[PDB]
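Sequence order for the protein chains is A and B. The numbering used here applies: residue 65 is where the first sequence begins, and numbers increase by one. The numbering used here applies: residue 23 is where the second sequence begins, and numbers increase by one. Below you'll find the structure, written out as structure tokens, and then a few comments.
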Amino acid sequence: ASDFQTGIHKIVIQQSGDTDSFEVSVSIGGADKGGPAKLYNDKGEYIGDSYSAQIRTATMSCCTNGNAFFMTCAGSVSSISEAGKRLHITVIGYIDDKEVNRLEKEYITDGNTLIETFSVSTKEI
Amino acid sequence: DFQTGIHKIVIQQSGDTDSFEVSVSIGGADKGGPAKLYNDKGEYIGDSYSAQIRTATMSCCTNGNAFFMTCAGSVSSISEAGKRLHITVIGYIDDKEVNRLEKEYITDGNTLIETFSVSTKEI
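Following this line, the structure appears as structure tokens:
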């Protein structure tokens, strides 16, 4: 329980590289003491208590209300492109604007089918 | 072409279920983006799903074009000591078991908060 903090949990995702050569999808959720966490987009609009999206812009973010104690982002990155295409993915997890975890990924296609996955959360590792 | 199939996650809980709050978030992927999700009856439930689990079992699956599924769970309790929860999570691709998680949670008087994660993918 000490690994969890109640507050506004947030995930920010940024991508760079040969973005048209890769499909990047994420699923985001969290929890509060009563159920799945309510989720909000970068403008603060309510988007439900589950969320998935293909990443098609440079930056996306998702946050909770202030009752959440946990938030997770699971993603997949795939490509059937020719060898030598490159993607960078950064996923940052915050609680009340403090960075609590970060994933940095670099992908480069080798001519075979590329399928990779990742996960990050706001739990203390 | 990607190696695809029906990805499926099954969750089973038991014990002092009224003493625990169990939340799950489920999603998957195919070459188009997030995978459509279906319940145990084959009904479309969205391309994202979350629930407070209040039954003994639940399942979620994709159609045959998925290459990834994942389930993130939270278990919490503010109950007295000695309440017990068993969780089994099983992941399949084309009904072949590819992953599993088994957990037993027992309260000790303090606030209990634990999380879990189970994914399905080809290796």
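For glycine and all other residues, C-beta sits at the position ideal for the given N, C-alpha and C.
So, with DSSP's three-state summary, where would you put residue i?
| i | result |
| --- | --- |
| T121/A | coil |
| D161/A | coil |
| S114/A | coil |
| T83/A | helix |
| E136/B | strand |
| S66/A | coil |
| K30/B | strand |
| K169/A | strand |
| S101/B | coil |
| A95/A | strand |
| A101/A | coil |
| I145/B | coil |
Rounded to whole angstroms, what is the Cα-Cα separation between residue i and residue j?
| i | j | result |
| --- | --- | --- |
| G81/A | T173/A | 12 Å |
| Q79/A | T154/A | 6 Å |
| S183/A | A78/B | 27 Å |
| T181/A | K53/B | 13 Å |
| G71/A | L134/B | 18 Å |
| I75/B | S66/A | 24 Å |
| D117/B | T186/A | 32 Å |
| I75/A | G175/A | 31 Å |
| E124/B | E188/A | 22 Å |
Residues in its own chain within less than 8 Å of residue i by CB, not counting five upstream and five downstream?
| i | result |
| --- | --- |
| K105/B | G37, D38, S41, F42, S99, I128 and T129 |
| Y60/B | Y66, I67, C82, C83, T84 and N85 |
| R166/A | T154, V155, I156, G157 and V184 |
Just to confirm my understanding: we take residue i, look at its own chain, exclude 5 residues before and 5 after, and list those with CB closer than 6 Å. What are they?
| i | result |
| --- | --- |
| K63/B | none |
| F133/A | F68 and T70 |
| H73/A | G94, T128, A132, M135, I159 and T186 |
| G139/A | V90 and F182 |
In its own chain, which residues sit with a C-beta less than 7 Å from the C-beta of residue i, not counting the 5 before and 5 after it?
| i | result |
| --- | --- |
| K58/B | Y66, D69, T84 and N85 |
Since I believe residue j is in contact with residue i (beta carbons under 8 Å), could you give me their beta-carbon distance rounded to a whole number of angstroms?
| i | j | result |
| --- | --- | --- |
| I77/A | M124/A | 5 Å |
| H108/B | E119/B | The pair is not a contact, with the Cβ atoms about 18 Å apart (cut-off 8 Å). |
| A103/B | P100/A | Actually they are not in contact, since the Cβ atoms of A103/B and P100/A sit about 27 Å apart, beyond 8 Å. |
Quiz item: Are the region 126–145 of chain A and the region 79–99 of chain A touching by the rule of at least three beta carbon pairs closer than 8 Å?
Solution: yes
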